[PDB]
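[1] Sharing an experimental structure here, sequence included.
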Amino acid sequence: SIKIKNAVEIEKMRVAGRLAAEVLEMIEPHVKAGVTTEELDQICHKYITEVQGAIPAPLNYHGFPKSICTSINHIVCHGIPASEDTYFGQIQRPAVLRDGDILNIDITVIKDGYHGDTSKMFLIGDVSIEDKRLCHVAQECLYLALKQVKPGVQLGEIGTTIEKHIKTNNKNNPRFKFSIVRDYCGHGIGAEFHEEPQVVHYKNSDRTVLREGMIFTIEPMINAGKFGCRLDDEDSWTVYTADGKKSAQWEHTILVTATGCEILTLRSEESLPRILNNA
Ligand code: NA
């Protein structure tokens, strides 16, 4: 059943959302060539627990071995912080940032029983034009989906909007053609991490109607190659592009308002309004 948050729950979700954004703002100066994902995990864990008085959800509730997810390059999602680069057979399982890398840091914070879920891309040193375009177009996908959100809109319009943007990108930029990951989706979020509904990022005809008070994530994963993914069966978590090309993701937790949406995880650096009037 999809939850409609009451005024008290919305305020707690606003606090959780800001805390999750704050972690991403705090960590930025630590993100650079030669730092391990393990170090970033230690700094975030300590900040979340000691400064925010909050909980890292993945470590405590999801059976994740660390506090944050750190996905580099061809890792799509659920990269595991570590101190050393390892291998899944022939596939690199990176842990140490290099010039030219792209990194997603994925933060899920709980404060007073409510969740804030967000992620962003960081560009490490001099990143190629193709990697910049991938990160940029993935963020455009999130931002354009947000512009469609208001009461009465069918859920399928989110993925339909994202796929329309990627189709246009691919028609206009044959050198920088992208695909949408199909295996992972956004989701209702609140008192529980995984609530209804499921939010797919590709073209679909889901007729679920958005209502004021619903809270859910939009988190499109865009691949520089084909859409397919491969799960690390050794560590249970790491998801790779099946073709070894890079992948980028941006996520916000969002509240449906009377006329649009509120971006609970908005960061200070973003040129996106915290409250969109899409009416
Ligand atoms: Na990636």
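    Thanks, I have the structure now. Residues are numbered from 1 along each chain as shown.

[2] ok now whichever strand or helix holds residue 11, how far from the chain's centre?
    In this assignment (DSSP states H and E), residue 11 forms part of helix 7-27. Here helix 7-27 shows a centroid-to-chain-centroid distance of 15 Å under the convention CA atoms, centre = their mean, to the nearest Å.

[3] Repeat that for stretch 185-205.
    For stretch 185-205 - counting by CA atoms, centre = their mean - the centre lies 12 Å from the chain centre.

[4] now do stretch 224-231
    17 Å.

[5] Next, the buried residues of that stretch.
    The neighbour-count check on stretch 224-231 (16 or more other CB atoms under 10 Å) flags 224-225, 227, 229-230 as buried. No exception for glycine: its C-beta is placed from N, CA and C like everyone else's.

[6] Which one of the residues you listed is nearest to the ion?
    residue 224 (9.2 Å; CB to the ion).

[7] I figured the closest one hits residue 135, correct?
    No. The pair residue 224 / residue 135 is not scored as a contact, 10.2 Å apart, by CB atoms under 8 Å.

[8] what does the chain have sitting close to the ion?
    71, 75, 247 (CB under 5 Å from the ion).

[9] Secondary structure added to these, as TSV?
    Putting the residues of the chain next to the ion into TSV (DSSP: H, G, I helix; E, B strand; the rest coil) gives the following:
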residue	secondary structure
71	strand
75	strand
247	strand
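
[10] Show me which residues of the helix holding residue 11 are buried.
    For helix 7-27, burial by neighbour count (16+ other CB under 10 Å) applies to 9-10, 12-24, 26-27.

[11] same thing with stretch 189-204?
    189-190, 193, 195, 197, 199-204.

[12] again with stretch 95-113
    Buried, per 16+ other CB under 10 Å, within stretch 95-113: 95-97, 101-111.

[13] Tell me the one among those residues nearest to residue 130.
    residue 102 (10.5 Å; CB to CB).

[14] CA-only coordinates of the helix or strand where residue 168 lies in CSV, if you can.
    Element membership of residue 168, judged by DSSP H and E, is helix 156-172. Coordinates of each C-alpha in helix 156-172 appear next as CSV, following Å, rounded to 0.1, in the frame of the first residue of the first chain:
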residue,chain,number,x,y,z
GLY,A,156,4.7,5.8,-16.0
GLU,A,157,5.3,9.4,-17.1
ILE,A,158,8.6,9.5,-15.0
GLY,A,159,10.3,6.6,-16.9
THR,A,160,8.6,7.8,-20.2
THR,A,161,10.2,11.3,-19.7
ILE,A,162,13.7,9.8,-18.9
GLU,A,163,13.6,7.5,-21.9
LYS,A,164,12.4,10.4,-24.2
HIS,A,165,15.5,12.4,-23.0
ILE,A,166,17.9,9.5,-23.7
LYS,A,167,16.3,8.9,-27.1
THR,A,168,16.8,12.6,-28.0
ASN,A,169,20.3,12.6,-26.6
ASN,A,170,21.1,9.4,-28.7
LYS,A,171,19.5,11.0,-31.9
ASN,A,172,21.5,14.3,-31.5
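
[15] Following element in sequence after it, please.
    Criterion used, DSSP H and E; the element after helix 156-172 is strand 179-180.

[16] Give the other helices and strands that that following strand contacts.
    Under the contact criterion of 3 or more CB pairs under 8 Å, 6 or more residues apart in numbering; DSSP states H and E, strand 179-180 touches helix 156-172, strand 221-223.

[17] Given the following helix or strand past the last one, what are its sheet partners and their directions?
    Going down the chain from strand 221-223, the next helix or strand is strand 229-231, by DSSP H and E. With DSSP bridges as the test, strand 229-231 is paired with strand 239-241 (antiparallel).
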